[PDB]
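> Show me how the following folds:
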Amino acid sequence: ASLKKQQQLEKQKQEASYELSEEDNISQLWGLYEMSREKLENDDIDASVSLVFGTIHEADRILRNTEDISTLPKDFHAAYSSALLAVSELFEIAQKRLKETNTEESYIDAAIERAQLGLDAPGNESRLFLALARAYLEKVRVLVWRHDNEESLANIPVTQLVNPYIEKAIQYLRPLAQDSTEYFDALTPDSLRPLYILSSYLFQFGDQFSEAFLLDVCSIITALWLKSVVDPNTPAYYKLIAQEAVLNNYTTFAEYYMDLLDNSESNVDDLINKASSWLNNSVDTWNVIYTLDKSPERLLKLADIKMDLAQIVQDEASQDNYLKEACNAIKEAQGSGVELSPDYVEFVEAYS
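Numbering: from 1, shown residues only. Now the structure:
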């Protein structure tokens, strides 16, 4: 029940740890950051950088003109943190405006430090939790890169390096994913891009996590992507970005079960059903995507999903259906002028 939602939710957090181990000026800070994201979306990244540094300078100015900085709301630290992270994100251009002793990673560290400073402030915490999560996740990505490229780190296991920030990210994502956290406009598909770092980390090093941990953390991710666009009046364009991430997450999870299949001999039945289930969640989401953006090359993706179903299903009747659906999707794509790679071409020939 409702008390069970908290009893199980609590078990998720437990296994998770074990597994991983005036004022109106605030609204206007956010506006500057939001506008920087509008420019980024329009691919004018120089302007996006200007708006970002503008946000930071305005944050500094609010701070020095505030009698008591401990009264600045969480949303102030959240906006400032988000601006700092955006400098890291756009660092290739942003570095041009800075002294040479500056790094992308240092801006990620600052974004983390600034959001953490908000943990103490008054006010709604949603935007802060999102800022914290986004910054922790960019830190993960950079640590992965440092692990592959810095000689000092070569012999430290990636997971050892990175799990503490993965754990912190999940600590702040989990509450945002709850239905008790009402939607809020900083929760955009754009803002959730760092969720890809978490997904692939889990995928790439899933071999060290329980199944239950994966299912727990993956449903957090899915829940967030979906929430960023549940308002039925979200423009299709944004719905698209979220649904493609959800689809990536479903196919990734299917592939994880299919991987266990292609090794271990137990329990094929269990593994086949779970894999199929995610593959079918994929078809559903793909269909949702296809209504949002009917584009013939997408049919090749449907075909891939159906071939995976064909590959693992245990009854011939279903297998024949899947293969036929794949074939039909591939032919229609081609009939709509989509270039078929030799793979696909040969599958249509091999089939009929």
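
> contacts, neighbours, all on C-alpha from now
OK.

> what's the residue closest to the geometric middle of the protein?
residue 195 (2.0 Å; C-alpha atoms, centre = their mean).

> Need the nearest residue in space to it, chain neighbours excluded.
Nearest non-adjacent residue to residue 195, counting by C-alpha to C-alpha, 6 or more residues apart in numbering: residue 221, 6.8 Å away.

> Isn't the one you found up against residue 196?
No: the criterion here is C-alpha atoms under 8 Å, and residue 221 misses it with residue 196 at 9.0 Å.

> Show me which of those two is the more surrounded one.
It is residue 221, of residue 221 and residue 196, that has more neighbours when counted by other C-alpha atoms under 10 Å, with 24 against 16.

> what number of residues lie near residue 69?
Neighbours of residue 69 using other C-alpha under 10 Å come to 12.

> Residue 172 too?
20.

> That one: which element?
helix 158-177 (DSSP states H and E).

> chain center to that helix, what's the gap?
13 Å (C-alpha atoms, centre = their mean, to the nearest Å).

> Quick check: buried residues in whichever helix or strand comes after it?
Going down the chain from helix 158-177, the next helix or strand is helix 195-204, by DSSP H and E. By neighbour count on 16 or more other C-alpha atoms under 10 Å, the buried set for helix 195-204 is 195-199, 201-203.

> One more: stretch 342-351?
344-345, 348.

> Which secondary structure elements does the helix holding residue 172 sit against?
Applying 3 or more C-alpha pairs under 8 Å, 6 or more residues apart in numbering; DSSP states H and E, we find helix 158-177 packed against helix 2-20, helix 126-149, helix 211-227.

> so which of these is the most packed in?
helix 126-149 (a mean of 22; mean count of other C-alpha atoms under 10 Å).

> sorry, back to before: do I have it right that the residue nearest to the centre of the chain meets residue 135?
No: using C-alpha under 8 Å, residue 195 makes no contact with residue 135, being 10.8 Å away.

> helices and strands around whichever strand or helix holds residue 329, which ones?
Secondary structure assignment for residue 329, by DSSP H and E: helix 316-335. If contacts are counted by 3+ C-alpha pairs under 8 Å, 6+ apart, helix 316-335 sits against helix 298-312, helix 342-351.

> Those helices into TSV, with extra columns for distance to residue 167?
Listed next are the helices and strands packed on helix 316-335 as TSV, based on distance: least, C-alpha to C-alpha, whole Å:
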stretch	distance to residue 167
helix 298-312	32
helix 342-351	41
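
> if we compare the ones you listed, which one ends up closest to residue 144?
Minimum separation from residue 144 across these (C-alpha to C-alpha) falls at helix 298-312, 29.3 Å.

> now the closest one: how far from the chain's centre is it?
Here the centre of helix 298-312 is set off from its chain's centre by 23 Å, with C-alpha atoms, centre = their mean.

> In that helix, which residues are buried?
298-310, 312.

> circling back: same list (the helices and strands packed on helix 158-177) but as a markdown table, adding distance to residue 54.
Output for those, formatted as a markdown table (distance: least, C-alpha to C-alpha, whole Å):
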| stretch | distance to residue 54 |
| --- | --- |
| helix 2-20 | 38 |
| helix 126-149 | 18 |
| helix 211-227 | 29 |
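
> Can you check which of those gets nearest to residue 282?
Comparing the helices and strands packed on helix 158-177 under C-alpha to C-alpha, the one sitting nearest is helix 211-227, at 12.3 Å.

> which strands and helices sit next to that closest one?
Here helix 211-227 touches helix 2-20, helix 158-177, helix 195-204, helix 236-262, going by 3+ C-alpha pairs under 8 Å, 6+ apart.

> The first one packs against which elements?
Right, the one you point to is helix 2-20. Contact partners of helix 2-20 among helices and strands, from 3+ C-alpha pairs under 8 Å, 6+ apart: helix 158-177, helix 211-227.

> Next, the angle helix 211-227 makes with the first one.
Between the axis of helix 158-177 and that of helix 211-227 there is an angle of 50 degrees, by axes from the mean of the first three to the mean of the last three C-alpha atoms, to 10 degrees.

> what's in contact with helix 158-177?
By C-alpha atoms under 8 Å, 6 or more residues apart in numbering, the surrounding residues in contact with helix 158-177 are 16-17, 20-21, 126, 129-130, 132-134, 136-137, 139-140, 143-144, 147, 181, 198, 205, 217, 220-221, 223-224, 227.

> try it again with 7 Å
20, 126, 129-130, 132-133, 136-137, 140, 143-144, 147, 181, 220, 223-224 (C-alpha atoms under 7 Å, 6 or more residues apart in numbering).

> Closest one of those to residue 323?
Checking the contacts of helix 158-177 against residue 323 by C-alpha to C-alpha gives residue 223 as the nearest, at 31.4 Å.

> what about that closest one, distance to residue 173?
Residue 223 is 10 Å from residue 173, where distance means C-alpha to C-alpha, to the nearest Å.

> cool, residue 195 as well?
10 Å.

> what about the closest residue to residue 81 other than its chain neighbours, which SS state?
Of all residues not flanking residue 81 in the chain, residue 111 sits nearest, at 4.3 Å (C-alpha to C-alpha, 6+ apart). Taken by DSSP: H, G, I helix; E, B strand; the rest coil, the conformation at residue 111 corresponds to helix.

> now the one 10 residues further on
Reducing the assignment to helix, strand or coil with three-state DSSP, the entry for residue 121 is coil.

> For burial, what's the neighbour tally of it?
Neighbour number of residue 121 under other C-alpha under 10 Å is 18.

> Phi and psi next, for it.
Dihedral pair for residue 121: phi -70, psi 160, per degrees, to the nearest 10.
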